[PDB]
Amino acid sequence: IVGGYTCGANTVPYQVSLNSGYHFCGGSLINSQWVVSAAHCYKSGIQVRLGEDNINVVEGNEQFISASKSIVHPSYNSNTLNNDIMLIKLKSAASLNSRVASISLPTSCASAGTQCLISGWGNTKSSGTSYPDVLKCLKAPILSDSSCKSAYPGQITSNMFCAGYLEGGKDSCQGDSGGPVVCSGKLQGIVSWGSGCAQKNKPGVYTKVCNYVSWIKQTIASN
Ligand SMILES: NCc1cccc(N2CCCC2)c1
Ligand SMILES: [Ca+2]
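The sequence shown maps to residues 16 to 34, 37 to 67, 69 to 125, 127 to 130, 132 to 184, 184A, 185 to 188, 188A, 189 to 204, 209 to 217, 219 to 221, 221A, 222 to 245 in the entry's author numbering.
And the structure:
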């Protein structure tokens, strides 16, 4: 997150870190067994780390649970990033509590102008690199479809939305991928891609979760 703020420990209780020896993507806990992330974060050997704040220090609220199964969306295209969503099932159920909690799925899509909370452990510089230990947060509005399309001609599908600031300065970045965009208490986006970070006229692009709710529900119901 570039141009964000320190969230505060465990204030984003659905945020998980995907770990394969190191943090490499965010995700969002959606029930005691299942996490939502980006399909471009797929790999084998994922350990899900819940209850994190400082990802380099054991602080006392963590739960570390290995993945039993990963399901990339059936229509994910890794060249266009269309349908950039996957589900990860945990080998054991998380203990839910005030610091480790699921985030509700939307029941309708959100509108442009809706404020959201974007969070993660990704790069905090728009030029250069610096990776934080503790979780960073950014409040950002959803941008109109039309301004998203004009910012990225030919690349925005109906399964994507832009959020952030056309002036640049405040955005998601490398290492935030797969994490949440929560708007009025619902998971509306997944951190997906952008051209660089926090550049003028290049806002972040997010997987449009409301399009996927019946796939997520039916997948969980049968797996
Ligand atoms: N600025 C949005 C965004 C979110 C996630 C990743 C990325 N990229 C990764 C490499 C450079 C930008 C961008
Ligand atoms: Ca920790």
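The beta-carbon is built from N, C-alpha and C at its ideal position, and this holds for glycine as well.
Top-ranked residue by Cα proximity to residue i, from the options
i	options	result
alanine 85	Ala111, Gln30 and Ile176	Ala111
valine 213	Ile162, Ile238 and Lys87	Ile162
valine 118	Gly69, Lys224, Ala171 and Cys22	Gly69
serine 190	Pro173, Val235 and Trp141	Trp141
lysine 230	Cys157, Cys168, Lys60 and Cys220	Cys168
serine 166	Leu158, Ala183, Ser88 and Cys42	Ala183
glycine 211	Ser178, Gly188, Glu186 and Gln240	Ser178
residue 316	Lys222, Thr26 and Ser32	Outside the displayed range of the chain (16 to 245) lies residue 316, so it cannot be described from this structure.
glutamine 81	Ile73, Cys22 and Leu105	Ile73
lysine 109	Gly174, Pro173, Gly62 and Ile138	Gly62
6 Å Cβ shell around residue i - same chain, five flanking residues per side excluded
i	result
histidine 91	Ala56, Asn101 and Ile103
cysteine 201	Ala129, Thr134 and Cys136
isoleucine 47	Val53 and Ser120
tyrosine 234	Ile103
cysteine 232	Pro124 and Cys128
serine 45	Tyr29, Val53, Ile121, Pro198 and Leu209
Near ligand 2: residue i beta-carbon under 6 Å from a heavy atom
i	result
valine 75	yes
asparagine 72	yes
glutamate 186	no
Cβ-heavy atom distance, residue i to ligand 1, below 6 Å
i	result
residue 265	This structure leaves residue 265 out entirely; the chain is present only between 16 and 245.
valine 231	no
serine 195	yes
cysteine 42	no
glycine 226	yes
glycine 148	no
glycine 216	yes
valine 213	yes
DSSP bridge partner residues for residue i (one or two, in chain order)
i	result
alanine 112	Note: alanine 112 sits in no beta bridge, so no partner.
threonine 21	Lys156
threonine 229	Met180 and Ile212
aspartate 165	Partner(s): none; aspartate 165 has no beta bridge.
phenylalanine 82	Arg66
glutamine 30	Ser45
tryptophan 51	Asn48 and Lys107
Same chain only: Cβ atoms within 8 Å of residue i, ignoring 5 sequence neighbours per side
i	result
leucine 114	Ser49 and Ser120
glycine 219	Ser146 and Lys224
7 Å Cβ shell around residue i - same chain, five flanking residues per side excluded
i	result
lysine 204	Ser122, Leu123 and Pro124
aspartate 194	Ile16, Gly43, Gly140, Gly142 and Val213
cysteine 22	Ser139, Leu155, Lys156 and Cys157
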